[PDB]
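Input: a single structure, listed below in C-alpha cells.
There are 6 protein chains.
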Amino acid sequence: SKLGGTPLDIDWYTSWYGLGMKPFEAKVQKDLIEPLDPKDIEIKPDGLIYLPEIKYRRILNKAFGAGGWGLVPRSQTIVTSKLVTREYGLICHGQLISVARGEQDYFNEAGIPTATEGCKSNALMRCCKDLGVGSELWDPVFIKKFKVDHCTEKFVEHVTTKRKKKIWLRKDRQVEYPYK
Amino acid sequence: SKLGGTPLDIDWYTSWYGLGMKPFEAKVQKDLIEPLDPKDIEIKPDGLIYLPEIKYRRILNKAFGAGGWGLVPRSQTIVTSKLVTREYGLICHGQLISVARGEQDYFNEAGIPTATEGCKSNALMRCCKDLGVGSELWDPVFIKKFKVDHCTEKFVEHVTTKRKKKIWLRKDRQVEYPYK
Amino acid sequence: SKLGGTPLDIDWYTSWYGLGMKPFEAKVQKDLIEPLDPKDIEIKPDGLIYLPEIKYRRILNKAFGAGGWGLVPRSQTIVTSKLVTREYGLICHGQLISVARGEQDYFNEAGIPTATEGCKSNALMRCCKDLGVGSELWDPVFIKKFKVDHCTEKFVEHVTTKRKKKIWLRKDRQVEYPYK
Amino acid sequence: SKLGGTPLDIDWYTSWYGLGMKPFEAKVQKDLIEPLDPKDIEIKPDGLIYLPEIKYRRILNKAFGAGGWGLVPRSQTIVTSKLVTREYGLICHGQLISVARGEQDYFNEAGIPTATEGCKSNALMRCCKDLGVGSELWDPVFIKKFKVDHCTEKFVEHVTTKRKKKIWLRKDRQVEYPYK
Amino acid sequence: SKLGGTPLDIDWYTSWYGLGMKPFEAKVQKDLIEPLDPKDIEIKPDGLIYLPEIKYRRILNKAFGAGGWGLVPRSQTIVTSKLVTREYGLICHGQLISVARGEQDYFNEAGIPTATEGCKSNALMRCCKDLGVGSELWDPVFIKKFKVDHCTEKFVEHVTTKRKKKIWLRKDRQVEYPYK
Amino acid sequence: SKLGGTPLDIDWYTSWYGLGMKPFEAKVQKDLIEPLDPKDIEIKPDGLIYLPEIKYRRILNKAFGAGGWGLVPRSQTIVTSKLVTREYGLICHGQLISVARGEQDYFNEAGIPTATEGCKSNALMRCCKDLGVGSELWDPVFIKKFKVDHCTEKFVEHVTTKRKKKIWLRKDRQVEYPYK
Numbered sequence: 071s072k073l074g075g076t077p078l098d099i100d101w102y103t104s105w106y107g108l109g110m111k112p113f114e115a116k117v118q119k120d121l122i123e124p125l126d127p128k129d130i131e132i133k134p135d136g137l138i139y140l141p142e143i144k145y146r147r148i149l150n151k152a153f154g155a156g157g158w159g160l161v162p163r164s165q166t167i168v169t170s171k172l173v174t175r176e177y178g179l180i181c182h183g184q185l186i187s188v189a190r191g192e193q194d195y196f197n198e199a200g201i202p203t204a205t206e207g208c209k210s211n212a213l214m215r216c217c218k219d220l221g222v223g224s225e226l227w228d229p230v231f232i233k234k235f236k237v238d239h240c241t242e243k244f245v246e247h248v249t250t251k252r253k254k255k256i257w258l259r260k261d262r263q264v265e266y267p268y269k
Numbered sequence: 071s072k073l074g075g076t077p078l098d099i100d101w102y103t104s105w106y107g108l109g110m111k112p113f114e115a116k117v118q119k120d121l122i123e124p125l126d127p128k129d130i131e132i133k134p135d136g137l138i139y140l141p142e143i144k145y146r147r148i149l150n151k152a153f154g155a156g157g158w159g160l161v162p163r164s165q166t167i168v169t170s171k172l173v174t175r176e177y178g179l180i181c182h183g184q185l186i187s188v189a190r191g192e193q194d195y196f197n198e199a200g201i202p203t204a205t206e207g208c209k210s211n212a213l214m215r216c217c218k219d220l221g222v223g224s225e226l227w228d229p230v231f232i233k234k235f236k237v238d239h240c241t242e243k244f245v246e247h248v249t250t251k252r253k254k255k256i257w258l259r260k261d262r263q264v265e266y267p268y269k
Numbered sequence: 071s072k073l074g075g076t077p078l098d099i100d101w102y103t104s105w106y107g108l109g110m111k112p113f114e115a116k117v118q119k120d121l122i123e124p125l126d127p128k129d130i131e132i133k134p135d136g137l138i139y140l141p142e143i144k145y146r147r148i149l150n151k152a153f154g155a156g157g158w159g160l161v162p163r164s165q166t167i168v169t170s171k172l173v174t175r176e177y178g179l180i181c182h183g184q185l186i187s188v189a190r191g192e193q194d195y196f197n198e199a200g201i202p203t204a205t206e207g208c209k210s211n212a213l214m215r216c217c218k219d220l221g222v223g224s225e226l227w228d229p230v231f232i233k234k235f236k237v238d239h240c241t242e243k244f245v246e247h248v249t250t251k252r253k254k255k256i257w258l259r260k261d262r263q264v265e266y267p268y269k
Numbered sequence: 071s072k073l074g075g076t077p078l098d099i100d101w102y103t104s105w106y107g108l109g110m111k112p113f114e115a116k117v118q119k120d121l122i123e124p125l126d127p128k129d130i131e132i133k134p135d136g137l138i139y140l141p142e143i144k145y146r147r148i149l150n151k152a153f154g155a156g157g158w159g160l161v162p163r164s165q166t167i168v169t170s171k172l173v174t175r176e177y178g179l180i181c182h183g184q185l186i187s188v189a190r191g192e193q194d195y196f197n198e199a200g201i202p203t204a205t206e207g208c209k210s211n212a213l214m215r216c217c218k219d220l221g222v223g224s225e226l227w228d229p230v231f232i233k234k235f236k237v238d239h240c241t242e243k244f245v246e247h248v249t250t251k252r253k254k255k256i257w258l259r260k261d262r263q264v265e266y267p268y269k
Numbered sequence: 071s072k073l074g075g076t077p078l098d099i100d101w102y103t104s105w106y107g108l109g110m111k112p113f114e115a116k117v118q119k120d121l122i123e124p125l126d127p128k129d130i131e132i133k134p135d136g137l138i139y140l141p142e143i144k145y146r147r148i149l150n151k152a153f154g155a156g157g158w159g160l161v162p163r164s165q166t167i168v169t170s171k172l173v174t175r176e177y178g179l180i181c182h183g184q185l186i187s188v189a190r191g192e193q194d195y196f197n198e199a200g201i202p203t204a205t206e207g208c209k210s211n212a213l214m215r216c217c218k219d220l221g222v223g224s225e226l227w228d229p230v231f232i233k234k235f236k237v238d239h240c241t242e243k244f245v246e247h248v249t250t251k252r253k254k255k256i257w258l259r260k261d262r263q264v265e266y267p268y269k
Numbered sequence: 071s072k073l074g075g076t077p078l098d099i100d101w102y103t104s105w106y107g108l109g110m111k112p113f114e115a116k117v118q119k120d121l122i123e124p125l126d127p128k129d130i131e132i133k134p135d136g137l138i139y140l141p142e143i144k145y146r147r148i149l150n151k152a153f154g155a156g157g158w159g160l161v162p163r164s165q166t167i168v169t170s171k172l173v174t175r176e177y178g179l180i181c182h183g184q185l186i187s188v189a190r191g192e193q194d195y196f197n198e199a200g201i202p203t204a205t206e207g208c209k210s211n212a213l214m215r216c217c218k219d220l221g222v223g224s225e226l227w228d229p230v231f232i233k234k235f236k237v238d239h240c241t242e243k244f245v246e247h248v249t250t251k252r253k254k255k256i257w258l259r260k261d262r263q264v265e266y267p268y269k
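Protein chains in written order, with UniProt numbering: chain S, 71 to 78, 98 to 269; chain B, 71 to 78, 98 to 269; chain D, 71 to 78, 98 to 269; chain F, 71 to 78, 98 to 269; chain G, 71 to 78, 98 to 269; chain W, 71 to 78, 98 to 269.
As C-alpha cells, this is what we get:
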C-alpha cells in the first residue's frame, strides 16, 4: 500500500501443488547445472554482470522441453509511478517450484504495455535461482575473475549531460546508447 | 503493529504438515553437514563472516535435488519505512521443516521491488540453520580462527564522509564500494 | 496485557498430540545425554556460562536427524518496548515435547526483524531442558568447577562510559565489544 | 481476582484422562524413589534446603525416558505486580498425574519473559511431590540432620544495606551474591 | 458467600464415578492400615500432634503405586482475606473415594501462590481419613499416651512479643521459629 | 430459609439408586453389629457419651473394605451465623443407604474452612445409625450402666468465668480445656 502505485484441473493462480514435492530425474539435474559459457555473459556499464533472459529460456527448454514448463501470474500487476512489478510463479512438469517478483522501469505512459512483459522475464530470471541456473553470476569469485579477465573499464561521454563516466564493457562489444 | 510499516493438495500457506515428522535418508544427512570450504566464506567490512546465499541454494540442490525443495510465503509482506521483511517456510520432500523471517534494507522507493526478494534469500539463509547447513559460521571458535588466519584488518577511506574506518577484508579480495 | 508491548494432518499451532506419549528408542537416549565438551562452553562477561545455540541444533540433528524435529509457533509475537518474545513448541518424530517462551533484546526499530528470530533460538535453548541436553550448564557444581579451572576474571575498560568493570572470560578467548 | 495481577488426540489443556488410572511398572517404581545424594542438595541463605530442578528433570528422564513425559499449561499466565504464576500439569506415558501452581519473582519489567519459565520449573518441582521424588527434602528429620552435618551457619555482609546477616551455606560452597 | 473471599474419558472435575463402588484387593488393605511409627509424628507448639504430609504421599505411593492415584480439583479456589481454601477429590485406581476441603494460612499477598498448594496437601491429609491412613492421630488414647511418653512441655520466649509461652515439643527436636 | 445462613455412571449427587435394594452378605452383617469396647467410649463434660468418629471409619473399613464405601454431598453447604451444616449420603458397595445432615460449631471466620469438614464426620456418625453401628450409645440402659461404672462426676474450675461446674469424665482420662 505504501508503494506509490495502483493495480492495472489445478487453479495455478493460487494453488501450491507440488511445491518441493519430489526431485526431477537425473539428466535434468545434469543439464540444469551446466556451466555457463563466458562469451555470452554481458555486463551493465555500472559494473554488474548478467545473462540474457533468452538464454534462461533456452536452458529451460533444453532441460524440460517445450511445453514442459511455464510462468503463471500470482498477483495483480502493481504499477508504481516509475516502475511496474508483478509476482510470477514457475511451474515445471506440473509441479510448482518458486514464486518471485519481477520489476521493470518505464519512462513514459506508452511504455507500461511494453514494460509489463519485461518484468515477467525478470521474474523468470529470479525464479531460476531456485533451479541453480546461472549460479556463477552470483558468486563473487566468478564476478571478480570475469571482470578482471573478460571485461575492461573505459571512460565514455554520457550524451544527455555531456559528462565523462567510467563504465564497464566487454573486451569485444562496443558502447551502446544510454551513453555514446 | 508497532513496526512503522504497512502490508504491500496441501495449502502450504498455512499448513503445518510434516513438521518434524520423519528424518531423511542417510546420504542427505551426510551431504547436509559437509564441511564448508574456507575460500568461499566472505565477511562484511564491519567484522561479520557469512556465506553467499547462492551457495546455500547449491547445497540444497545437491542434497535434495532440483524440485525437491522450495520456499513458501507464510505472511503478508510487511514493509517498514527503512526495511522490508516477510515470513518464509522451507519445504523439502513434501515436508515442512522451519519458518523464518527474512529482512532486507532499501534506501529508495524504487528499491522495494528489488529488496523484497533479497529478504527471501535471507529467510532461506536462516531456515538452513535448522538443517545444520553452515553451522561453522555460528561457531565462535571457527569465527575467531578464520578471522585470525584468513582475514586482515585495514584502514579504508569511507568515501561518503571522507573518514578513515578500520574494516575487515579477506586476504585475496579487494575493497568494494560502500567504502573506497 | 501488563507487558508494555503489542502483537506484531495435525494443526501443530494448537494441538497437544503426543505430549509425553511414548519415550524414544535407546540410542536417542544415549546421545541426548552425551556429556558436553568443556572447550565449547562460553560465558558472558557478567559471569553466566552457556552453550552456543548452534551446538544445540547440532546435537538435535545428531539425535533425531535432519527433518526429524522442528519448532512451531504457539502464540502471536509480542513485542515489548525494549524486547521481543514469542512462544515456541518443540516437535520431534511427530510428537510434541515442550513449549517455552523465548526472548531477545533489541535497541533500535530496524532491529526487531533481526531480533524476532534470535528469541526463537532462545526458545529452543529452553525447550532442550526437557530433553536433558546441556544439563551440566544448570548444575551449580559444574558451573563452579568450570569457572575455577577454565575461566579467569579480569578488569576491562567498558568503552561507552570509560569505566573499569571486572568481567569473566575464558582462558583462551579475548575480549569482545560491549567492552574493549 | 483479588490478586493484583492480569493475564499475559487428547486436549491436554483441559482433559483429565488417566488421572490415577493405573500404576507404572516395577523399575519405574524403583528408580522414582532412589535416595537422593547428599552432595547435590543446596540451601538458601535463609535456611531452606532444596534440590536443583535440573536434577528433577534428570530423574524424570531416567525414570520415564526422553519424550515419555511433559508439562502442559492448565491456565492463563497470571502476572502479579511483583511475581508471575501459572498452573502446570505433569503428563507421563500418556497419563495425567498432577497439576500444580508455579511461581517466580521478578524485579523489573524486562524480567517477566525470563521469569515466566522459571515458575514452570517450580511447578515441575511441585508436581514431582506426587511421584515421591525428593521426599527427604520435606522430611524434618532429614532437614535437621543435613543442616547439622553438611551445612554451616556464618555471618555475611549483605552488600545492599551493609548489614551483617547470619546465613546458611554448605561446607564446600562459597558465598554468592544477593550478599557478599 | 458469607466468607470474606473471592475466586482466584471421565470428567473428573464433576463426575462421581466409582464412589464406594468396589473395595481394593488384599495387600492394599494390609498396607493401608500399617501402624504409624512413633518417631516421625510431630506436634505443634500448641499441643496438637500430626504427621508430615510427605509421609502420607509415601504411604499412598507404597499402597497404590506411582501413577495409581491423584488429586483432582472440585471447585474454584476461594481466597479469603486471611486464608486460602479449595475442594480436592482423591482418585485411586480410576475410582473416586472422597472429596475434602483444604485450607492454608497466608500473611502477605506474595504468599497466595505459595499457600494455594499447601492447602492441597491439607486436603490430601483429610481425604486419607477415609482410607484409614493415620487413624491413631485421631485416637485420644494414642494422643494422650504419645504426649506423655514421647513429648515434653517447656517454656519458650516468643520473640515477637517477648512473652513466655508453655509449648509442646518432642524429646529430641529443638525449638523452631515462630518462637525462639 | 428461616435459618440465619447462606450457601457457601451414576450421578450420586441426586440419584436414589440402590436405596434399600438388597441386603449385604453374612460376615458384613456379623461385623457391623460387633459389640463396642467400653474403653474407647468417651463422654462430654456435660454428660453425653459418644464414640470417636475415626472408630466409625475404622469399623466401616473393616466391614466394607477400603474403597468399598464413601460419603457424597447431597446439598449446598449452608453456613449459619454460628454453625455450619451440610447433607451427606452414605454409599456402600455401589448402593445408597441413608442421607443425614451434619453440623459443626465455629467461633471465628477463619474457622469455617476447618469446621465444614467436621460436620461431614458428624453426618457419617449419623448415617451409621442406619447400619446399626454403635447402637449401644443410644440405649438408655447402656448409657446409665456405663455412666455408673466407667465414669465419674467431678467439680472443675471453668477457666473463662472462674466458675465451678460439675462435669462428667472417664475414670482414667484427665480434664481437658474448655475447662481447667
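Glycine included, every Cβ here is placed at the ideal spot set by N, Cα and C.
Amino acids of chain D, ordered along the chain, whose beta-carbon sits closer than 7 Å to that of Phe153 (chain F): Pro112
For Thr203 (chain F), the three-state DSSP class (helix, strand or coil): helix
Beta carbon of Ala212 (chain S) nearer than 8 Å to that of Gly191 (chain S): yes
Cβ of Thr203 (chain B) within 8 Å of any chain S Cβ: yes
Pairwise C-alpha distance: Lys116 (chain B) and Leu220 (chain S): 21 Å
Chain D contacts made by the stretch 223-235 of chain B, where a contact means CB separation under 8 Å: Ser224, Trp227, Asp228, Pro229, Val230 and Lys233
Below-8 Å beta-carbon distance, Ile186 (chain B) vs any chain D residue: yes
Straight-line gap, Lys144 (chain G) to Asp194 (chain F) (C-alpha atoms, nearest Å): 30 Å
Residues of the stretch 98-122 of chain S whose Cβ lies closer than 7 Å to any Cβ of chain B, in chain order: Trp105, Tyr106, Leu108, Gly109, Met110, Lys111, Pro112, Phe113, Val117, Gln118 and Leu121
CB contact below 8 Å: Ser210 (chain D) versus chain F: no
C-beta atoms of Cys216 (chain B) and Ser187 (chain B) nearer than 8 Å: yes
Chain G contact residues for residue 86 (chain F), given Cβ-Cβ distances below 7 Å: Inspection of chain F shows residue 78 followed directly by residue 98; residue 86 (chain F) is thus not represented.
DSSP beta-bridge partners of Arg259 (chain S): S:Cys240
Selection of the stretch 168-179 of chain D by Cβ proximity to chain F, strictly under 7 Å: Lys171, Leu172 and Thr174
For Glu131 (chain S), three-class secondary structure by DSSP: strand
Stretch pair the stretch 248-263 of chain B + the stretch 157-175 of chain B: three plus CB contacts closer than 8 Å: no
Helix, strand or coil at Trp105 (chain S) [DSSP, three-state]: coil
Candidates B:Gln118, B:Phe235, B:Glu242 and B:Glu265, of which the one nearest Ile130 (chain B) by Cα: B:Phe235
Any chain B beta carbon closer than 8 Å to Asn150 (chain D): yes
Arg262 (chain S) classed as buried or exposed, judged by whether at least 16 other C-beta atoms fall within 10 angstroms: exposed
Given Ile138 (chain B) as reference, the closest of B:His239, B:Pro267, B:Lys269 and B:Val264 once Cα atoms are compared: B:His239
Spatial neighbours of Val264 (chain F) in its chain, beta-carbon cut-off 6 Å, leaving aside the 5 residues before and after: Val245
Neighbour flag for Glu242 (chain S) against chain B, beta carbons, 8 Å: no
Distance CB(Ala152 (chain D))-CB(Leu121 (chain D)) smaller than 8 Å: yes
Cβ distance (whole Å) where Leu73 (chain G) is taken to contact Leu172 (chain W) below 8 Å: Actually they do not touch by this definition, with Cβ atoms about 15 Å apart.
Closest Cα partner of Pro112 (chain D) within the set F:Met214, F:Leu185, F:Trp158 and F:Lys269: F:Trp158
Ranges of the alpha helix (DSSP H) found wholly within the stretch 160-221 of chain G, counting only runs of at least 4: 201-220
8 Å Cβ cutoff met for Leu226 (chain W) and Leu140 (chain W): yes
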